[PDB]
Structures are given as C-alpha cells and as structure tokens.
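Student: For reference, the file model_23.pdb (PDB, C-alpha atoms and all ligand atoms) is included below:
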ATOM      1  CA  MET A   1       7.833  -6.247  12.143  1.00  0.00           C
ATOM      2  CA  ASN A   2       6.204  -2.872  11.486  1.00  0.00           C
ATOM      3  CA  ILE A   3       4.434  -1.021   8.625  1.00  0.00           C
ATOM      4  CA  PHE A   4       7.743  -0.011   6.996  1.00  0.00           C
ATOM      5  CA  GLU A   5       9.231  -3.531   6.983  1.00  0.00           C
ATOM      6  CA  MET A   6       5.886  -4.900   5.825  1.00  0.00           C
ATOM      7  CA  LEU A   7       5.596  -2.558   2.840  1.00  0.00           C
ATOM      8  CA  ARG A   8       9.303  -2.999   1.984  1.00  0.00           C
ATOM      9  CA  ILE A   9       8.619  -6.758   1.609  1.00  0.00           C
ATOM     10  CA  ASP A  10       5.464  -6.136  -0.470  1.00  0.00           C
ATOM     11  CA  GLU A  11       6.925  -3.512  -2.772  1.00  0.00           C
ATOM     12  CA  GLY A  12      10.628  -4.251  -2.996  1.00  0.00           C
ATOM     13  CA  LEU A  13      13.180  -1.571  -3.729  1.00  0.00           C
ATOM     14  CA  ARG A  14      14.308  -0.332  -7.180  1.00  0.00           C
ATOM     15  CA  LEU A  15      16.507   2.600  -7.761  1.00  0.00           C
ATOM     16  CA  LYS A  16      15.822   2.980 -11.457  1.00  0.00           C
ATOM     17  CA  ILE A  17      12.355   3.839 -13.028  1.00  0.00           C
ATOM     18  CA  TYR A  18      10.326   0.609 -13.489  1.00  0.00           C
ATOM     19  CA  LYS A  19       6.841  -0.401 -14.378  1.00  0.00           C
ATOM     20  CA  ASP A  20       4.522  -1.682 -11.634  1.00  0.00           C
ATOM     21  CA  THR A  21       2.192  -4.713 -11.897  1.00  0.00           C
ATOM     22  CA  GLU A  22      -0.290  -2.412 -13.740  1.00  0.00           C
ATOM     23  CA  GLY A  23       2.284  -1.149 -16.200  1.00  0.00           C
ATOM     24  CA  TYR A  24       2.763   2.231 -14.484  1.00  0.00           C
ATOM     25  CA  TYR A  25       6.014   4.108 -14.046  1.00  0.00           C
ATOM     26  CA  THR A  26       7.250   3.721 -10.471  1.00  0.00           C
ATOM     27  CA  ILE A  27      10.477   4.045  -8.585  1.00  0.00           C
ATOM     28  CA  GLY A  28      11.945   3.193  -5.111  1.00  0.00           C
ATOM     29  CA  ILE A  29       9.568   1.443  -2.738  1.00  0.00           C
ATOM     30  CA  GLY A  30       6.304   1.444  -4.572  1.00  0.00           C
ATOM     31  CA  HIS A  31       6.308   5.175  -5.343  1.00  0.00           C
ATOM     32  CA  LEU A  32       3.907   5.646  -8.320  1.00  0.00           C
ATOM     33  CA  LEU A  33       5.279   8.323 -10.609  1.00  0.00           C
ATOM     34  CA  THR A  34       2.549   8.667 -13.227  1.00  0.00           C
ATOM     35  CA  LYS A  35      -0.172   6.749 -14.937  1.00  0.00           C
ATOM     36  CA  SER A  36       0.915   8.223 -18.249  1.00  0.00           C
ATOM     37  CA  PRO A  37       2.587   5.998 -20.822  1.00  0.00           C
ATOM     38  CA  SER A  38       5.304   8.501 -21.360  1.00  0.00           C
ATOM     39  CA  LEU A  39       8.654   7.656 -19.869  1.00  0.00           C
ATOM     40  CA  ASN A  40       9.467  11.293 -20.211  1.00  0.00           C
ATOM     41  CA  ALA A  41       6.457  12.400 -18.302  1.00  0.00           C
ATOM     42  CA  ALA A  42       7.782   9.911 -15.633  1.00  0.00           C
ATOM     43  CA  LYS A  43      11.325  11.343 -15.537  1.00  0.00           C
ATOM     44  CA  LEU A  44       9.850  14.843 -15.104  1.00  0.00           C
ATOM     45  CA  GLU A  45       7.581  13.713 -12.233  1.00  0.00           C
ATOM     46  CA  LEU A  46      10.655  12.092 -10.736  1.00  0.00           C
ATOM     47  CA  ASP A  47      12.821  15.221 -10.892  1.00  0.00           C
ATOM     48  CA  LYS A  48      10.038  17.199  -9.441  1.00  0.00           C
ATOM     49  CA  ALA A  49       9.636  14.681  -6.594  1.00  0.00           C
ATOM     50  CA  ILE A  50      13.379  14.599  -5.747  1.00  0.00           C
ATOM     51  CA  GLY A  51      14.301  18.215  -6.417  1.00  0.00           C
ATOM     52  CA  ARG A  52      17.119  17.503  -8.819  1.00  0.00           C
ATOM     53  CA  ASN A  53      17.838  16.383 -12.329  1.00  0.00           C
ATOM     54  CA  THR A  54      17.918  12.703 -11.830  1.00  0.00           C
ATOM     55  CA  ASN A  55      17.866  11.205 -15.236  1.00  0.00           C
ATOM     56  CA  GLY A  56      15.783   8.286 -13.956  1.00  0.00           C
ATOM     57  CA  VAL A  57      17.958   7.146 -11.148  1.00  0.00           C
ATOM     58  CA  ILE A  58      17.897   7.880  -7.430  1.00  0.00           C
ATOM     59  CA  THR A  59      19.862   6.784  -4.411  1.00  0.00           C
ATOM     60  CA  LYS A  60      18.754   4.568  -1.510  1.00  0.00           C
ATOM     61  CA  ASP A  61      18.415   7.622   0.783  1.00  0.00           C
ATOM     62  CA  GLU A  62      16.144   9.351  -1.835  1.00  0.00           C
ATOM     63  CA  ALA A  63      13.976   6.197  -2.110  1.00  0.00           C
ATOM     64  CA  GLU A  64      13.705   5.993   1.643  1.00  0.00           C
ATOM     65  CA  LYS A  65      12.746   9.620   1.849  1.00  0.00           C
ATOM     66  CA  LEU A  66       9.914   9.158  -0.623  1.00  0.00           C
ATOM     67  CA  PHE A  67       8.889   6.070   1.307  1.00  0.00           C
ATOM     68  CA  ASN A  68       8.663   7.936   4.597  1.00  0.00           C
ATOM     69  CA  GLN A  69       6.527  10.565   2.855  1.00  0.00           C
ATOM     70  CA  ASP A  70       4.170   8.035   1.296  1.00  0.00           C
ATOM     71  CA  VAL A  71       3.621   6.117   4.524  1.00  0.00           C
ATOM     72  CA  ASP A  72       2.880   9.346   6.396  1.00  0.00           C
ATOM     73  CA  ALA A  73       0.580  10.421   3.606  1.00  0.00           C
ATOM     74  CA  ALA A  74      -1.301   7.069   3.719  1.00  0.00           C
ATOM     75  CA  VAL A  75      -1.866   7.290   7.492  1.00  0.00           C
ATOM     76  CA  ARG A  76      -2.991  10.979   7.238  1.00  0.00           C
ATOM     77  CA  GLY A  77      -5.314  10.081   4.379  1.00  0.00           C
ATOM     78  CA  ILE A  78      -6.926   7.308   6.469  1.00  0.00           C
ATOM     79  CA  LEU A  79      -7.429   9.702   9.432  1.00  0.00           C
ATOM     80  CA  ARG A  80      -8.998  12.375   7.288  1.00  0.00           C
ATOM     81  CA  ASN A  81     -11.268   9.998   5.605  1.00  0.00           C
ATOM     82  CA  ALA A  82     -14.825   9.666   7.103  1.00  0.00           C
ATOM     83  CA  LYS A  83     -15.105   6.101   5.924  1.00  0.00           C
ATOM     84  CA  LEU A  84     -11.690   4.849   6.884  1.00  0.00           C
ATOM     85  CA  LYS A  85     -11.027   6.598  10.120  1.00  0.00           C
ATOM     86  CA  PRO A  86     -13.592   4.772  12.157  1.00  0.00           C
ATOM     87  CA  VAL A  87     -12.414   1.417  10.856  1.00  0.00           C
ATOM     88  CA  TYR A  88      -8.836   2.269  11.675  1.00  0.00           C
ATOM     89  CA  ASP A  89      -9.755   3.473  15.249  1.00  0.00           C
ATOM     90  CA  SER A  90     -11.492   0.211  15.777  1.00  0.00           C
ATOM     91  CA  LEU A  91      -8.540  -2.060  14.975  1.00  0.00           C
ATOM     92  CA  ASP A  92      -5.580  -3.339  16.994  1.00  0.00           C
ATOM     93  CA  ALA A  93      -1.993  -2.310  15.951  1.00  0.00           C
ATOM     94  CA  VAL A  94      -1.338  -5.173  13.556  1.00  0.00           C
ATOM     95  CA  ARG A  95      -4.537  -4.855  11.620  1.00  0.00           C
ATOM     96  CA  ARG A  96      -4.029  -1.109  11.420  1.00  0.00           C
ATOM     97  CA  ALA A  97      -0.864  -1.846   9.504  1.00  0.00           C
ATOM     98  CA  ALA A  98      -2.799  -4.078   7.066  1.00  0.00           C
ATOM     99  CA  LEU A  99      -5.191  -1.230   6.319  1.00  0.00           C
ATOM    100  CA  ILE A 100      -2.347   1.171   5.788  1.00  0.00           C
ATOM    101  CA  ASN A 101      -0.857  -1.380   3.360  1.00  0.00           C
ATOM    102  CA  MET A 102      -4.033  -1.494   1.273  1.00  0.00           C
ATOM    103  CA  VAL A 103      -4.283   2.340   1.234  1.00  0.00           C
ATOM    104  CA  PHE A 104      -0.644   2.590   0.186  1.00  0.00           C
ATOM    105  CA  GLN A 105      -1.273   0.267  -2.797  1.00  0.00           C
ATOM    106  CA  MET A 106      -4.627   1.358  -3.998  1.00  0.00           C
ATOM    107  CA  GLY A 107      -5.245   4.773  -2.611  1.00  0.00           C
ATOM    108  CA  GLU A 108      -7.944   6.001  -0.225  1.00  0.00           C
ATOM    109  CA  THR A 109     -10.600   6.028  -2.849  1.00  0.00           C
ATOM    110  CA  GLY A 110     -10.072   2.417  -3.912  1.00  0.00           C
ATOM    111  CA  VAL A 111     -10.004   1.160  -0.345  1.00  0.00           C
ATOM    112  CA  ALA A 112     -13.041   3.158   0.686  1.00  0.00           C
ATOM    113  CA  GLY A 113     -14.656   1.139  -2.133  1.00  0.00           C
ATOM    114  CA  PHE A 114     -14.282  -2.026  -0.022  1.00  0.00           C
ATOM    115  CA  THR A 115     -17.323  -0.878   1.953  1.00  0.00           C
ATOM    116  CA  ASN A 116     -18.701  -4.246   2.925  1.00  0.00           C
ATOM    117  CA  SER A 117     -15.342  -5.731   4.024  1.00  0.00           C
ATOM    118  CA  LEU A 118     -14.686  -2.590   6.075  1.00  0.00           C
ATOM    119  CA  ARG A 119     -17.957  -3.074   7.904  1.00  0.00           C
ATOM    120  CA  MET A 120     -17.039  -6.650   8.631  1.00  0.00           C
ATOM    121  CA  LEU A 121     -13.613  -5.645   9.932  1.00  0.00           C
ATOM    122  CA  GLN A 122     -15.181  -2.983  12.121  1.00  0.00           C
ATOM    123  CA  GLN A 123     -17.412  -5.681  13.569  1.00  0.00           C
ATOM    124  CA  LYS A 124     -14.424  -7.981  14.117  1.00  0.00           C
ATOM    125  CA  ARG A 125     -15.812 -10.757  11.902  1.00  0.00           C
ATOM    126  CA  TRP A 126     -12.376 -11.862  10.771  1.00  0.00           C
ATOM    127  CA  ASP A 127     -13.149 -14.957   8.799  1.00  0.00           C
ATOM    128  CA  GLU A 128     -15.988 -13.309   6.998  1.00  0.00           C
ATOM    129  CA  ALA A 129     -14.092 -10.209   6.156  1.00  0.00           C
ATOM    130  CA  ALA A 130     -11.231 -12.406   4.777  1.00  0.00           C
ATOM    131  CA  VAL A 131     -13.631 -14.113   2.407  1.00  0.00           C
ATOM    132  CA  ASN A 132     -15.204 -10.820   1.246  1.00  0.00           C
ATOM    133  CA  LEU A 133     -11.839  -9.157   0.701  1.00  0.00           C
ATOM    134  CA  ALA A 134     -10.839 -12.044  -1.665  1.00  0.00           C
ATOM    135  CA  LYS A 135     -13.800 -11.383  -4.044  1.00  0.00           C
ATOM    136  CA  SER A 136     -11.984  -8.519  -5.656  1.00  0.00           C
ATOM    137  CA  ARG A 137      -9.977  -7.525  -8.662  1.00  0.00           C
ATOM    138  CA  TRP A 138      -7.220  -6.701  -6.092  1.00  0.00           C
ATOM    139  CA  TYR A 139      -7.066 -10.314  -4.970  1.00  0.00           C
ATOM    140  CA  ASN A 140      -7.208 -11.715  -8.467  1.00  0.00           C
ATOM    141  CA  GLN A 141      -4.548  -9.407  -9.919  1.00  0.00           C
ATOM    142  CA  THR A 142      -1.986  -9.578  -7.030  1.00  0.00           C
ATOM    143  CA  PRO A 143      -2.919 -12.797  -5.179  1.00  0.00           C
ATOM    144  CA  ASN A 144       0.283 -13.429  -3.187  1.00  0.00           C
ATOM    145  CA  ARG A 145       0.374  -9.917  -1.747  1.00  0.00           C
ATOM    146  CA  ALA A 146      -3.410  -9.869  -1.189  1.00  0.00           C
ATOM    147  CA  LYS A 147      -3.236 -13.218   0.685  1.00  0.00           C
ATOM    148  CA  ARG A 148      -0.526 -11.823   2.994  1.00  0.00           C
ATOM    149  CA  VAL A 149      -2.598  -8.702   3.805  1.00  0.00           C
ATOM    150  CA  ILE A 150      -5.832 -10.774   4.169  1.00  0.00           C
ATOM    151  CA  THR A 151      -4.041 -13.234   6.530  1.00  0.00           C
ATOM    152  CA  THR A 152      -2.927 -10.250   8.580  1.00  0.00           C
ATOM    153  CA  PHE A 153      -6.563  -9.093   8.897  1.00  0.00           C
ATOM    154  CA  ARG A 154      -7.735 -12.583   9.687  1.00  0.00           C
ATOM    155  CA  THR A 155      -5.183 -13.396  12.350  1.00  0.00           C
ATOM    156  CA  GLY A 156      -3.967 -10.181  13.787  1.00  0.00           C
ATOM    157  CA  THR A 157      -0.374 -11.455  13.649  1.00  0.00           C
ATOM    158  CA  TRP A 158       2.599 -10.980  11.340  1.00  0.00           C
ATOM    159  CA  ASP A 159       2.731 -14.650  10.505  1.00  0.00           C
ATOM    160  CA  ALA A 160       2.381 -14.144   6.730  1.00  0.00           C
ATOM    161  CA  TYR A 161       5.444 -11.964   6.677  1.00  0.00           C
ATOM    162  CA  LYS A 162       7.593 -14.251   8.816  1.00  0.00           C
TER     163      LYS A 162
HETATM  164 CL    CL B   1       6.094  13.366  -4.279  1.00  0.00          CL
HETATM  165 CL    CL B   2       1.350 -10.610  -5.492  1.00  0.00          CL
END
Would you write the structure of this file as structure tokens?
Tutor:
Amino acid sequence: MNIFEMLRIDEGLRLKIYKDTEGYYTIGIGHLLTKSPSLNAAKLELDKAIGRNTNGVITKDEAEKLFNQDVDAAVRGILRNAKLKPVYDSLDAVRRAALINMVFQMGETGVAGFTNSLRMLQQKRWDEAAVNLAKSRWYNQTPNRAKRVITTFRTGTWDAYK
C-alpha cells in the first residue's frame, strides 16, 4: 500500500464532473474544480486544467495525471509549511502518508488548523492524538474516511485499508 493506493480508495475515480461530499464540482480522483455553484465555471476550470476542450469528460490517463500533480503538490505544500514540515519530519513512512491524505482533502490551511492534534502526533502520543482528531467537523462530516486516516495515525500500519 502507498499514498496513491490509499487516496484512490478514499476518493474513488470518476471521469465525468461530479459533486463532492460538500457539494463542490470535482472530477477524477478527488480533484476539486471550483467552489462555485456554476457547472459552467467548473467546465472552464476543467478545460484549463487539461489543456483541451473537454466538455466535462476526461480519460483515465488525464485523471491520473491530475492525481500525480495533486499528490506532488500536497507533499510540497507540507514541506513548505512551517507548521506541517516539522510534524512530517517527525513521523515514520506510514503516518506520513496519513498526513498527506488529510492535506489532500482539506488543504494545508485546514490541516494546519489541527494544531493540538499535530502537537500530539509530534510527541508520538498516538491514542491521545486519535481522540483529539475525532473532535472535528472533519470526523463528523466524513466519519468512515476519517476513521481510516485516524487508525493509520494510531497504529502506524495500513490495517484500515486492508
Ligand atoms: Cl490544475
Ligand atoms: Cl467517509
């Protein structure tokens, strides 16, 4: 298991514009297009992302290309961030993937907002961090996915994805 297989399980794959759990236009593997309610604003963002007139539909290769870009962007965003980088440096390989997962879903700003949990993870207080992470809108809105990521932090294994 690795970050790509993990996120592909969490996000799924859709080749036609869809709305995410928050109602936002998305496509492929969790690639947020726009927060705007306009489906047209979404098709435009899409064409701009792909470099061709897509009319709302992309191929598997195109989806995978956006995916590769978003994962790389998530890692780079963690490493540039003063609050995230030290947490990341502190973790083992598995847990690093769980942090990338959270950043991929909610963005660097959102995650950086989990200040207390981050301090607990840095200190390797697994059980405690797991409990703190659960007291969140994130957990309450997408519980199954949150539990899988939280279990990853708690155990340091891929058991929740197996
Ligand atoms: Cl893009
Ligand atoms: Cl979920």
Student: Restricting the calculation to only C-alpha atoms: of A:156, A:30, A:51, A:56, which residue gets closest to residue 16 in chain A?
Tutor: A:56
Student: Might you spell out which residues the PyMOL selection byres (((chain A and resi 117) around 8) and not hetatm) would select in the displayed file, as a VMD selection string?
Tutor: chain A and resid 114 to 116 118 to 121 129 to 130 132 to 133
Student: How big is the axis-aligned box around the listed atoms of range 46-62 of chain A once 5 Å is added on each side, and where is its centre? Give both in Å to one decimal, as lines of an AutoDock Vina configuration file.
Tutor:
center_x = 14.7
center_y = 11.4
center_z = -7.2
size_x = 20.2
size_y = 23.6
size_z = 26.0
Student: Which residue is closest to residue 100 in chain A? Choose from A:159, A:45, A:72, A:128 and count all atoms listed in the file.
Tutor: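 Smallest distance to residue 100 in chain A is found for A:72.
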Student: What does the structure give for the distance between CA of residue 153 in chain A and CA of residue 33 in chain A, in Å to one decimal?
Tutor: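 According to the coordinates, CA of residue 153 in chain A and CA of residue 33 in chain A are separated by 28.7 Å.
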Student: For the atom pair CA of residue 64 in chain A and CA of residue 13 in chain A, what is the interatomic distance in Å to one decimal place?
Tutor: 9.3 Å
Student: Within 10 Å of ligand CL 1 (chain B), which residues of chain A come that close, and what is the closest atom pair and distance in Å for each? Count only C-alpha atoms and all ligand atoms and give it as JSON lines.
Tutor:
{"residue": "A:31", "atom": "CA", "partner": "B:CL1", "partner_atom": "CL", "distance": 8.3}
{"residue": "A:32", "atom": "CA", "partner": "B:CL1", "partner_atom": "CL", "distance": 9.0}
{"residue": "A:33", "atom": "CA", "partner": "B:CL1", "partner_atom": "CL", "distance": 8.1}
{"residue": "A:45", "atom": "CA", "partner": "B:CL1", "partner_atom": "CL", "distance": 8.1}
{"residue": "A:46", "atom": "CA", "partner": "B:CL1", "partner_atom": "CL", "distance": 8.0}
{"residue": "A:47", "atom": "CA", "partner": "B:CL1", "partner_atom": "CL", "distance": 9.6}
{"residue": "A:48", "atom": "CA", "partner": "B:CL1", "partner_atom": "CL", "distance": 7.5}
{"residue": "A:49", "atom": "CA", "partner": "B:CL1", "partner_atom": "CL", "distance": 4.4}
{"residue": "A:50", "atom": "CA", "partner": "B:CL1", "partner_atom": "CL", "distance": 7.5}
{"residue": "A:51", "atom": "CA", "partner": "B:CL1", "partner_atom": "CL", "distance": 9.8}
{"residue": "A:65", "atom": "CA", "partner": "B:CL1", "partner_atom": "CL", "distance": 9.8}
{"residue": "A:66", "atom": "CA", "partner": "B:CL1", "partner_atom": "CL", "distance": 6.8}
{"residue": "A:67", "atom": "CA", "partner": "B:CL1", "partner_atom": "CL", "distance": 9.6}
{"residue": "A:69", "atom": "CA", "partner": "B:CL1", "partner_atom": "CL", "distance": 7.7}
{"residue": "A:70", "atom": "CA", "partner": "B:CL1", "partner_atom": "CL", "distance": 7.9}
Student: Name the closest residue to ligand CL 2 (chain B) among the candidates A:82, A:157, A:105, A:95; distances are taken between atoms, counting all atoms listed in the file.
Tutor: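 Closest residue, counting all atoms listed in the file: A:105.
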Student: Quick check, in Å to one decimal: how far apart do CA of residue 162 in chain A and CA of residue 139 in chain A lie?
Tutor: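 Pair CA of residue 162 in chain A / CA of residue 139 in chain A returns 20.5 Å.
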Student: Set out as a tab-separated table a contact list for chain A and ligand CL 2 (chain B) with a cut-off of 6 Å, giving each residue of chain A that qualifies its closest atom pair and distance in Å to one decimal, counting all atoms listed in the file, ordered by chain and rising residue number.
Tutor:
residue	atom	partner	partner_atom	distance
A:142	CA	B:CL2	CL	3.8
A:143	CA	B:CL2	CL	4.8
A:144	CA	B:CL2	CL	3.8
A:145	CA	B:CL2	CL	3.9
Student: Please determine the residues with any atom at most 12 Å from (1.2, 6.6, -13.4) (coordinates as given in the file, with all atoms listed in the file counting) and report them as a list in words.
Tutor: residues 17, 18, 19, 20, 21, 22, 23, 24, 25, 26, 27, 30, 31, 32, 33, 34, 35, 36, 37, 38, 39, 40, 41, 42, 43, 45 and 46 of chain A
Student: Near residue 76 in chain A, within 12 Å and counting all atoms listed in the file, which residues show up once chain neighbours fewer than 3 positions away are dropped, as an NGL selection string?
Tutor: :A and (69-73 or 79-82 or 84-85 or 88 or 100 or 103-104 or 107-108)
